[PDB]
Every structure is written in C-alpha cells, then in structure tokens.
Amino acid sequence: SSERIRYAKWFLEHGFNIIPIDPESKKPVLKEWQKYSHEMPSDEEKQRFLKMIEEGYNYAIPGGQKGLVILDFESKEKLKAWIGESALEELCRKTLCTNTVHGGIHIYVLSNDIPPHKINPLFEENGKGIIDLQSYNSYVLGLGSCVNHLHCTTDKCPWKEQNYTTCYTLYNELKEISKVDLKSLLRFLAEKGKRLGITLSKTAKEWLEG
C-alpha cells in the first residue's frame, strides 16, 4: 500500500478521526466535517473514508479530538532559529512532527487544556503570522497526503507552477502523539522568541494569560 493509506490507518489505529480531502476542491469531502472534532464517524462511514483514501484522496486530521492541537509553523527554518536546534530536536523527539509540502512543520501534541477553536495566528513576527494553532473545527493534512505544486499559483509555494509533487512526511520517525502542557509550551515559545521579535497574537495572549 501507499504511505498515505498506511498512516491514515495508523491514526485510525490510535483512535483518531480522519477526513478525506483534495481531489478537485482541496477541501473535506463532507460539508459538516467540523463535527469530527467532537464525535466518531460511525463504522459505515469510516470504511467509506478509507476506500476514498486508498483510491487517491488525501486525508486530514481534525484538531480538538482527544485534546489534540497541531502547531502549524509556516517555516521549519524559522522555528529552528526561534528556539534553537536542541529545543526543536527535544520537542520533535517526544512527539510526532511532520514536514509540510511547502517547507513548514506540524507539531502534534495532546493537552488537557486547549483552545475551543483554532487560533490563527498564534504568534506573529513583524505584523505577520508565522504559525497557526489548529484545534477544534480545524485540521491539518495527514502524513502521506501529496500536493502537485503545478496548481499552486502563489508565492506561498516555493515550487510555484512546477510539475512537481511533494508530500507530508515524517520530520524524523513515527511516534505517538504525546501530552504536553500547552500553556507551558506557549510560554517557552514566548520567551525563546521575544529576542527575535516573535510575539503571541492578541487572541493567543488572551487565551494564555486568561
């Protein structure tokens, strides 16, 4: 089988809900997918979803479920300079991290205290967001999903309009998504980044500071 189906099955194996995506539109198959952050899809849907994936459909992982939040950093290099290699390697040593198809990085973690909604952006630099926190009613594409950049017609894509396909891949190794003190982490990120001029967004600071 492909890597897309292997990993999709891995998430289902671990109790996570997944949602099909990407053919024509590049959005979930269901219009009411947001509900999968709060409930299971039902067997007679789960299998339908797999078949779609086993046949070319990418898939996504909704946040919120099981305390899951995904920190979606626009640039893996920026985060490297932001918190230093050791910190990064530590973070992505204890929990699942993946490479995005545009040079970014997704850090998956579980937490007892997470936002009720996604926070976009979580941190900002020189007036722009450099990382989104995906939680309830939001998602991230899953490992194995691939994108043909031929259809990316913006500069947000480093491979703009090239006939080239890349996929969401493992940052290092496959590991279970582990628990963290999200707030402790957002604070560690805060300090570590204050020197670079990277600050919590107002929405992020209000959820953190409470």
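The first residue of the sequence shown is number 1, and the count goes up from there.
Select between 113-121 and 134-142 the stretch whose C-alpha atoms have the higher average B-factor in the entry. Higher mean C-alpha B-factor in the PDB entry: 113-121.
Compare the mean C-alpha B-factor of 149-157 with that of 37-45 as given in the PDB entry, and name the stretch with the higher value. According to the PDB entry, the answer is 37-45.
Classify residue 184 as lowest, middle or highest third according to the C-alpha B-factor given in the PDB entry, relative to its own chain. Answer is highest: the recorded C-alpha B-factor places it there.
Relative C-alpha B-factor of residue 126, binned into the chain's lowest, middle or highest third: According to the entry, residue 126 has a C-alpha B-factor in the chain's highest third.
Sorting the chain's CA B-factors, does residue 6 end up in the lowest, middle or highest third? Within its chain, residue 6 is a lowest-third residue by C-alpha B-factor, going by the deposited values.
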